[PDB]
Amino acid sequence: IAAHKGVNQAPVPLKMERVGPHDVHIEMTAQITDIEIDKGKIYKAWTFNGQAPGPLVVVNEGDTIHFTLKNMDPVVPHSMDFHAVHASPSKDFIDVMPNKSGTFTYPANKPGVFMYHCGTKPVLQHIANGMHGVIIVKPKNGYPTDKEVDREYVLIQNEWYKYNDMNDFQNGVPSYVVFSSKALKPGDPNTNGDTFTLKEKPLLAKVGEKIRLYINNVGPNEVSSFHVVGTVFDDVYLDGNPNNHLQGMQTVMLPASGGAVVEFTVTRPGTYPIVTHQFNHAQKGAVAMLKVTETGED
């Protein structure tokens, strides 16, 4: 796209504020930002807020979101679809033109770990170029295992293809498949989907802890066989809904856009890889590390 040549819009923080006991304002951008998805490989991504996947959004069950998208792309329209919400797609996930803003309001009445993404046709093109992310909706009565959990993180799996190549998006194998982590609390890492950062800077934990991961595989195209090496998931809540309870899973199957809450114990010090067990994808990037130390610090 000629109007994207040389464009690299610096990342802009997510803006979010609570405006009532059940109402929350969120402001995001759509912007074009260079991201290093593998060493030496820059992808001029289509993004929310200069991150791909985009920034994490966390709301409470029953919150209505009053969402604004500011479209900083000079030529391509963008839009936002949160899988958390009940909305009219043709009214509420509509396009925002370049250099304009649009505001939409919709409720999040279901707990869980939901994908969000751009909804502009062709949606494959907008998702594959980087316009995906996760919104977590926290359950009003929590999860039955909340009191067991010592530490938590968010992980997202996505693919990257040949740059803005619709033939490859529809017909080709992914060039890279990658994990990123998005921060829940100050001091947590906040990374983009790349083949290396969570290997070189593992997530941290302490010996004996029960870890909860909020996970989503945003695709665009693959499913995920999510596994933490050296442990078994004690409890799994499919899509993060507390009712969809499984126990003792070695691997969690996630559809494209599928989410889960998974919990597992790390019994011994060491580094624990986190993979999709579709090992062609692991080989193409989708391995993150969890470093477990006697103190929980590096």
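Note that residue numbering begins at 1 and tracks the sequence as displayed.
J.: Taking the recorded C-alpha temperature factors, which stretch has the higher mean, 213-221 or 99-107?
T.: Averaging CA B-factors over each stretch, the winner is 99-107.
J.: When the C-alpha temperature factors are averaged for each of 254-262 and 66-74, which stretch ends up with the higher value in the entry?
T.: If you average the C-alpha B-factors of 254-262 and of 66-74, the larger mean comes out for 66-74.
J.: If I read the C-alpha B-factors straight from the PDB entry, which of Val228, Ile94, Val137, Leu124 is highest?
T.: When the deposited C-alpha B-factors of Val228, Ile94, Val137, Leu124 are compared, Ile94 is largest.
J.: Among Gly50, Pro269, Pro273, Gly248, which residue carries the highest C-alpha B-factor recorded in the PDB entry?
T.: It is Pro269.
J.: Could you tell me which third, lowest, middle or highest, the C-alpha B-factor of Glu27 occupies within its chain?
T.: Ranked within chain, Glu27 CA B lands in the highest tercile.
J.: Taking the chain's C-alpha temperature factors as the reference, tell me which third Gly133 falls into: lowest, middle or highest.
T.: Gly133: CA B-factor falls in the middle third of its chain.
J.: Is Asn141 in the lowest, middle or highest third of its chain when residues are ranked by C-alpha B-factor?
T.: According to the entry, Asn141 has a C-alpha B-factor in the chain's highest third.
J.: According to the PDB entry, is the CA B factor of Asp165 in the bottom, middle or top third of its chain, that is, lowest, middle or highest?
T.: Middle third.
J.: Taking the values exactly as deposited, rank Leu184 by C-alpha B-factor within its chain and report the matching third: lowest, middle or highest.
T.: It falls in the top third of the chain.
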